[PDB]
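A.B. asks: Can you keep this structure in mind? I'll have questions shortly.
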Ligand SMILES: CC1(C)CC(C)(C)c2cc(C3(c4ccc(C(=O)O)cc4)OCCO3)ccc21
Ligand SMILES: CC1(C)CC(C)(C)c2cc(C3(c4ccc(C(=O)O)cc4)OCCO3)ccc21
């Protein structure tokens, strides 16, 4: 759902 | 303006 | 100067088909009681008459919400209205106001119960809300700020003495205030909407708190 | 376990025609920085990935507002944007958003300055906001509640030690949180409206925080 946020919380 | 409130805050 | 024993007496002196209609009925009733409550709070009556108006108009939601939430401690998934009627989680949801009702339940009532908030703490939190220096229009806001400072210093000192095993109970109490603020604003929205539509009877005092500004 | 020295380092690692367009530009920029900030807060990265989402989505406004308000301490009647641009009281009023801008100024920036809130206290208040157990959807809310408890116990102990002459500075800090909450909600409304109308460019990250739920 929340694309950008998930990608930034990665690692 | 605020009729009822003023009347209740009286005394 | 700002005794918790006197704030407690203010609280104790105040004790008494469409669910939303019944809740708004209870709201209006309590607005009269709130004005009497505020007077019994030390130094509030000594404030200029216009400032007393500004204070009560700015916090009436949060003040009333705190009151019926603490009243509803021993209630299973519901709130006890001042009229004497109980209102359950499902009753409110079915009336189309379940989202906010659950917020009241989860963030306040429930949180109050688990720490067993007493009437003195409830009173102090209410008094802190009452003496809001951020209220716009205030003639002497620093005076209202000073009265707030005296309530929470008394509340801390009350807590350190009555519950000295719970070192963070003071902050725990103060951190229910943002929730109360957030829930208070969402109530106003609903009340403005009940007004706009006009499908809910709204008594005279409740209507006056919904007038501008 | 929850050291104020580590929270301070999180804050320090983060330091860098239409005024509303410039403010929204600064908002999006800071959203990326906020995600990096949250990670440096002890135990936040150890929370399940979904809960980290719920936490940041629920508090991003209050977290960002606290940041640019404390940044604007030495500013006369205005705020310093992260982009480097200053925005004055009159500039915002003329853009049609003066009412909320003044609320930020009066209730936060100004109140921060008078007590000279340090970066450690700002960080802790932000960390308290971050660990909101009232956030809906949370898998293990008691875990988030416990992490909040550890931040404010550290903040109190920091305050009693660094400012032992100001016995009520701890409560003074916590009582800016309802204001922050109230101002945060009013920002969302504005941002939803800038979206609805579409007369203001809104970058991709800011747009995603405005998507449902
Ligand atoms: C029906 C809703 C929107 C839901 C909810 C239960 C949150 C609620 C609460 C009120 C109310 C209120 C409700 C009950 C009482 C009381 O019985 O003491 C006092 C006040 O709080 C804000 C002003 O009036 C008014 C309306 C409503
Ligand atoms: C233009 C308004 C509505 C006014 C006001 C100044 C309160 C404001 C603030 C923001 C903003 C924001 C503004 C500036 C910054 C920053 O520069 O750090 C970060 C965030 O706060 C909530 C999310 O974005 C976004 C929009 C706006």
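Please read every residue number as a count from 1 along the shown chain.
This entry, so its header tells us, was determined using X-ray crystallography, 3.0 Å.
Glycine is treated like the rest: Cβ placed from N, Cα and C.
Take a look at what Swiss-Prot says about it:
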- D:71, D:82: all-trans-retinoate binding site (BINDING)
- D:71, D:82: 9-cis-retinoate binding site (BINDING)
- D:103-123: region 'Required for nuclear export' (REGION)
A.B. asks: Count the Cβ atoms, other than its own, that fall within 10 Å of the Cβ of residue D:82 (all-trans-retinoate binding site), considering every protein chain shown.
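C.D. replies: Around residue D:82 (all-trans-retinoate binding site), other Cβ atoms within 10 Å: 19.
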A.B. asks: Distance between the CA atoms of residue D:16 and residue D:17, in Å, given 17 unmodelled residues in between?
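C.D. replies: It comes to 23 Å between the two flanking Cα atoms.
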A.B. asks: By DSSP assignment, list the helix, strand and coil residue numbers for the region 'Required for nuclear export' (D:103-123), in that order.
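C.D. replies: Here the numbers are 18 helix, 0 strand, 3 coil.
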A.B. asks: Tell me, how many other CB atoms lie within 10 A of the CB of residue D:71 (all-trans-retinoate binding site), whichever protein chain they belong to?
C.D. replies: 18
A.B. asks: Helix, strand or coil at residue D:71 (all-trans-retinoate binding site), per DSSP?
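C.D. replies: DSSP call for residue D:71 (all-trans-retinoate binding site): helix.
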